[PDB]
Amino acid sequence: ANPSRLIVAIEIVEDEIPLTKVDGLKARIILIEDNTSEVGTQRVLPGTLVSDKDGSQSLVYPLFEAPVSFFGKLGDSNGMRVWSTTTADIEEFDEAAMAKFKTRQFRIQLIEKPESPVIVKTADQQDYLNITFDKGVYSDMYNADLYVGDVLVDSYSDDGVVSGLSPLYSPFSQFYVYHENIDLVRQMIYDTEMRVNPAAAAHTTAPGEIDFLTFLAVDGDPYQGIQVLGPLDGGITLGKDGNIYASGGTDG
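Residue numbering for the sequence shown is 102 to 121, 147 to 241, 245 to 381, as defined by the deposited numbering.
Here is the structure:
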(Lines of atoms letter the chains of each structure in order from A and count residues from 1; the text may use other names and numbers.)
(Lines give C-alpha, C1' and ligand atoms only; values in the text may rest on other atoms or scores of the structure.)
Protein backbone atom coordinates (compact mmCIF):
# COMPACT_ATOMS: atom_id res chain seq x y z
CA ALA A 1 0.00 0.00 0.00
CA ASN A 2 2.76 2.46 0.95
CA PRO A 3 6.37 2.89 -0.12
CA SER A 4 9.13 2.95 2.46
CA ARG A 5 10.70 6.36 2.87
CA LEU A 6 13.90 8.06 4.04
CA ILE A 7 13.65 11.53 5.55
CA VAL A 8 16.90 13.05 6.86
CA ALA A 9 16.78 15.92 9.29
CA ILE A 10 19.05 17.88 11.62
CA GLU A 11 18.28 18.81 15.20
CA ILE A 12 20.04 21.97 16.36
CA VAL A 13 20.07 24.16 19.51
CA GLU A 14 22.20 27.04 20.83
CA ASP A 15 24.40 25.98 23.75
CA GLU A 16 27.78 26.26 25.50
CA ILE A 17 29.80 23.45 24.02
CA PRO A 18 33.40 22.56 24.56
CA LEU A 19 35.99 24.06 22.20
CA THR A 20 38.73 21.47 22.31
CA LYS A 21 33.27 26.64 27.15
CA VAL A 22 32.13 28.94 24.32
CA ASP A 23 28.88 29.83 22.59
CA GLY A 24 28.06 27.73 19.54
CA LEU A 25 25.76 24.86 18.54
CA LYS A 26 24.60 21.37 19.59
CA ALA A 27 23.61 19.30 16.56
CA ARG A 28 22.49 15.81 15.70
CA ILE A 29 21.35 14.01 12.56
CA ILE A 30 17.99 12.28 12.91
CA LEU A 31 15.49 10.39 10.75
CA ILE A 32 11.81 11.28 10.46
CA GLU A 33 9.41 8.36 10.00
CA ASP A 34 6.54 9.39 7.75
CA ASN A 35 5.19 7.64 4.63
CA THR A 36 1.82 9.35 4.95
CA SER A 37 2.54 13.00 4.14
CA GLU A 38 3.04 14.03 0.55
CA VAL A 39 6.73 14.20 -0.22
CA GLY A 40 8.12 17.71 0.37
CA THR A 41 5.77 18.73 3.16
CA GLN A 42 7.79 18.07 6.27
CA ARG A 43 7.93 21.11 8.56
CA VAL A 44 10.64 22.65 10.74
CA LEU A 45 9.49 21.70 14.24
CA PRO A 46 10.76 21.77 17.87
CA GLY A 47 12.74 18.64 18.75
CA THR A 48 13.33 17.09 22.15
CA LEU A 49 16.66 18.80 22.84
CA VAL A 50 16.95 21.59 25.39
CA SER A 51 19.77 24.00 26.08
CA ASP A 52 21.83 23.95 29.28
CA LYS A 53 22.74 27.59 28.68
CA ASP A 54 19.44 29.46 28.29
CA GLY A 55 16.52 27.01 28.35
CA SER A 56 15.95 27.29 24.60
CA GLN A 57 14.52 24.40 22.63
CA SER A 58 16.00 22.60 19.62
CA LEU A 59 14.44 22.75 16.18
CA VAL A 60 14.34 19.92 13.63
CA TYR A 61 14.96 20.80 10.03
CA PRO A 62 13.99 18.32 7.36
CA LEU A 63 16.93 18.32 4.96
CA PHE A 64 16.01 15.75 2.32
CA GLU A 65 13.45 13.10 1.52
CA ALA A 66 13.51 9.98 -0.65
CA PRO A 67 10.62 7.52 -1.31
CA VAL A 68 11.36 3.93 -2.42
CA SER A 69 10.21 2.95 -5.93
CA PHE A 70 8.13 -0.10 -5.01
CA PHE A 71 5.45 -1.18 -2.54
CA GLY A 72 6.28 -3.33 0.43
CA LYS A 73 8.11 -3.81 3.69
CA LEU A 74 11.06 -5.03 1.61
CA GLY A 75 11.66 -1.43 0.53
CA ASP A 76 12.99 -1.05 4.09
CA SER A 77 16.03 -2.94 2.80
CA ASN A 78 16.91 0.11 0.73
CA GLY A 79 18.98 2.90 2.28
CA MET A 80 22.00 5.12 1.64
CA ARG A 81 25.28 6.77 2.62
CA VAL A 82 26.39 10.41 2.30
CA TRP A 83 29.58 12.26 3.04
CA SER A 84 31.27 15.58 2.30
CA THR A 85 34.47 16.03 0.30
CA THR A 86 37.74 17.31 1.78
CA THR A 87 41.05 18.74 0.55
CA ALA A 88 42.55 16.14 2.86
CA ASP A 89 41.66 12.91 1.09
CA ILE A 90 43.04 10.18 -1.12
CA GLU A 91 40.40 10.91 -3.78
CA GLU A 92 40.11 14.41 -5.07
CA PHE A 93 37.01 16.36 -6.08
CA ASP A 94 36.07 19.33 -8.23
CA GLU A 95 37.81 22.12 -6.30
CA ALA A 96 37.29 24.72 -9.03
CA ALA A 97 33.64 23.82 -9.30
CA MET A 98 33.22 24.46 -5.60
CA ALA A 99 35.22 27.61 -5.90
CA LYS A 100 33.15 28.93 -8.79
CA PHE A 101 29.76 28.11 -7.29
CA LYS A 102 30.70 28.51 -3.63
CA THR A 103 29.07 25.25 -2.65
CA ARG A 104 30.08 21.91 -1.17
CA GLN A 105 30.62 18.60 -2.95
CA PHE A 106 29.14 15.47 -1.51
CA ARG A 107 29.20 11.80 -2.26
CA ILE A 108 26.06 9.71 -1.90
CA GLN A 109 25.87 5.96 -2.34
CA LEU A 110 22.81 3.71 -2.34
CA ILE A 111 22.94 0.46 -0.38
CA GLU A 112 20.83 -2.61 0.37
CA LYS A 113 20.54 -5.20 3.12
CA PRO A 114 21.37 -7.86 4.13
CA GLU A 115 24.28 -6.36 5.99
CA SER A 116 28.57 -4.86 5.59
CA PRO A 117 25.59 -3.69 3.51
CA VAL A 118 25.60 -4.22 -0.23
CA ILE A 119 26.31 -1.28 -2.56
CA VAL A 120 23.96 -0.57 -5.44
CA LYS A 121 26.17 0.59 -8.28
CA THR A 122 24.97 3.37 -10.51
CA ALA A 123 23.98 2.53 -14.09
CA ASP A 124 27.38 3.57 -15.49
CA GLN A 125 28.73 1.15 -12.87
CA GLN A 126 30.30 3.55 -10.34
CA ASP A 127 30.25 2.90 -6.60
CA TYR A 128 28.89 6.32 -5.79
CA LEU A 129 27.43 9.53 -7.17
CA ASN A 130 29.03 12.97 -6.87
CA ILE A 131 26.44 15.60 -5.97
CA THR A 132 25.76 19.09 -4.71
CA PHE A 133 22.59 19.96 -2.86
CA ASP A 134 22.41 23.15 -4.85
CA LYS A 135 21.04 23.75 -8.32
CA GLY A 136 23.00 25.12 -11.25
CA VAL A 137 26.30 23.45 -10.48
CA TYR A 138 27.98 21.96 -13.54
CA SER A 139 31.24 20.07 -13.25
CA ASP A 140 33.87 19.93 -15.95
CA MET A 141 35.66 17.17 -14.03
CA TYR A 142 32.74 14.77 -14.27
CA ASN A 143 31.17 16.56 -17.23
CA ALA A 144 27.84 16.40 -15.45
CA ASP A 145 25.24 18.40 -13.58
CA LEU A 146 25.79 17.74 -9.88
CA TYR A 147 22.47 18.73 -8.36
CA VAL A 148 21.09 15.71 -6.49
CA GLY A 149 17.42 16.38 -7.31
CA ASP A 150 18.22 16.44 -11.02
CA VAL A 151 20.64 13.57 -11.28
CA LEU A 152 20.24 10.75 -8.75
CA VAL A 153 17.19 8.82 -9.86
CA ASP A 154 18.30 9.35 -13.45
CA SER A 155 21.77 8.00 -12.63
CA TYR A 156 20.62 4.79 -10.96
CA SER A 157 18.37 4.11 -13.90
CA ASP A 158 18.75 2.81 -17.47
CA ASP A 159 15.92 2.56 -19.97
CA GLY A 160 18.07 0.02 -21.85
CA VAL A 161 18.36 1.71 -25.23
CA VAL A 162 21.95 2.25 -26.31
CA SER A 163 22.50 -0.14 -23.40
CA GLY A 164 20.55 -3.01 -24.94
CA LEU A 165 19.77 -4.60 -21.60
CA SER A 166 16.57 -4.89 -19.55
CA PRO A 167 15.48 -1.43 -18.41
CA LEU A 168 17.08 -0.67 -15.03
CA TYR A 169 15.22 1.32 -12.37
CA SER A 170 16.33 3.25 -9.33
CA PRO A 171 15.44 1.97 -5.84
CA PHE A 172 14.51 5.57 -5.00
CA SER A 173 11.89 7.25 -7.17
CA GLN A 174 12.74 10.85 -6.17
CA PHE A 175 15.16 12.89 -4.15
CA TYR A 176 13.48 15.98 -2.66
CA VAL A 177 15.73 18.63 -1.19
CA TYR A 178 14.52 21.14 1.43
CA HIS A 179 16.47 24.10 0.00
CA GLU A 180 15.16 26.73 2.37
CA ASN A 181 15.82 24.57 5.44
CA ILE A 182 19.34 23.78 4.23
CA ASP A 183 20.16 27.43 3.65
CA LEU A 184 18.76 28.22 7.12
CA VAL A 185 20.92 25.48 8.65
CA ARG A 186 24.13 26.45 6.84
CA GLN A 187 23.86 30.13 7.67
CA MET A 188 23.45 29.21 11.29
CA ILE A 189 26.64 27.12 11.30
CA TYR A 190 28.58 29.59 9.14
CA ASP A 191 27.73 32.47 11.50
CA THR A 192 28.39 30.52 14.68
CA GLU A 193 31.74 29.45 13.36
CA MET A 194 32.91 32.77 11.89
CA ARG A 195 32.38 34.14 15.36
CA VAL A 196 33.90 31.20 17.27
CA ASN A 197 36.83 30.60 14.93
CA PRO A 198 37.28 33.52 12.52
CA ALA A 199 40.34 32.09 10.82
CA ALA A 200 37.97 29.44 9.38
CA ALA A 201 36.84 32.08 6.88
CA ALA A 202 39.99 31.28 4.89
CA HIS A 203 38.55 28.23 3.20
CA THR A 204 34.97 28.49 4.40
CA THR A 205 34.13 31.71 2.54
CA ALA A 206 30.40 31.16 2.03
CA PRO A 207 27.53 29.59 4.00
CA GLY A 208 27.08 27.47 0.93
CA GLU A 209 30.32 25.68 1.68
CA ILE A 210 29.18 24.31 5.03
CA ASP A 211 29.02 20.50 5.38
CA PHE A 212 25.82 20.15 7.36
CA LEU A 213 25.92 16.33 7.48
CA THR A 214 29.29 15.27 8.82
CA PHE A 215 30.32 18.75 9.84
CA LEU A 216 33.76 18.68 8.37
CA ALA A 217 35.20 21.90 7.01
CA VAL A 218 36.77 21.89 3.59
CA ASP A 219 40.29 21.66 5.10
CA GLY A 220 39.19 18.44 6.68
CA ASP A 221 38.78 19.75 10.17
CA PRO A 222 35.53 19.50 12.14
CA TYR A 223 34.00 22.89 12.80
CA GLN A 224 34.97 24.33 16.20
CA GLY A 225 31.48 25.77 16.74
CA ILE A 226 29.67 22.46 16.54
CA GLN A 227 29.45 19.67 19.04
CA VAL A 228 28.07 16.59 17.30
CA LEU A 229 25.86 14.08 19.09
CA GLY A 230 26.44 10.44 18.12
CA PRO A 231 24.44 7.33 18.90
CA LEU A 232 25.46 7.66 22.54
CA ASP A 233 23.42 10.90 22.49
CA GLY A 234 20.34 10.20 20.32
CA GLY A 235 22.02 10.85 17.02
CA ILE A 236 23.02 9.25 13.78
CA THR A 237 26.52 9.18 12.36
CA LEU A 238 26.50 9.77 8.60
CA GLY A 239 29.62 9.26 6.49
CA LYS A 240 31.21 6.51 4.34
CA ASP A 241 30.14 3.87 6.88
CA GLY A 242 27.04 5.68 8.06
CA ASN A 243 24.12 3.55 7.01
CA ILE A 244 20.57 4.88 6.88
CA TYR A 245 17.55 2.92 5.63
CA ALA A 246 14.12 3.86 4.39
CA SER A 247 11.25 2.69 6.56
CA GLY A 248 7.52 2.44 7.13
CA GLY A 249 6.82 0.07 4.23
CA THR A 250 3.31 -1.41 4.29
CA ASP A 251 1.91 -4.40 2.34
CA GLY A 252 -1.87 -4.40 2.82
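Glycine included, every Cβ here is placed at the ideal spot set by N, Cα and C.
Among the options, which has the Cα closest to the Cα of residue i?
i	options	result
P172	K250, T213, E115, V247	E115
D269	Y307, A225, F196	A225
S245	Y305, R207, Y319	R207
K228	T343, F301, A335, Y267	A335
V282	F304, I318, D160, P240	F304
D160	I318, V194, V249	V194
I311	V186, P119, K147, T162	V186
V291	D253, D263, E309	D253
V249	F301, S295, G265	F301
Let's test the definition: count the other Cβ atoms within 10 Å of the Cβ of residue i and tell me whether it reaches 16, buried, or not, exposed.
i	result
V247	exposed
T213	exposed
residue 244	It's not possible to place residue 244 here, given that the chain moves directly from 241 to 245.
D350	exposed
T251	buried
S284	buried
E309	exposed
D340	buried
Quick one: what does DSSP say residue i is sitting in, helix, strand or coil?
i	result
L175	strand
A252	coil
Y276	strand
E338	helix
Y307	coil
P300	coil
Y352	coil
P327	helix
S292	coil
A153	strand
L345	strand
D312	helix
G166	coil
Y319	helix
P246	coil
Can you list, in chain order, the residues of its chain whose CB lies under 8 Å from that of residue i, leaving out five sequence neighbours each side?
i	result
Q231	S210, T211, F219, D220, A223, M224, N259, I260, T261, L275
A329	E322, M323, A346, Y352, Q353
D362	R154
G205	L107, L236, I237, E238, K239, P246, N372, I373, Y374, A375
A110	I155, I156, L157, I158, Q168, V186, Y187, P188, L189
Can you list, in chain order, the residues of its chain with a C-beta nearer than 6 Å to that of residue i? Leave out the 5 residues immediately preceding and following it.
i	result
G378	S105, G198, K199, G201, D202
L175	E112, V114, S184
Report back the beta-carbon spacing between residue i and residue j to the nearest angstrom; my notes put them in contact at under 8 Å.
i	j	result
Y298	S286	6 Å
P188	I108	6 Å
Who are the near neighbours of residue i in its chain, counting only those whose CB is closer than 7 Å to its CB and skipping five residues on each side?
i	result
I355	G150, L151, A153, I318, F344
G381	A102
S182	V114, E115
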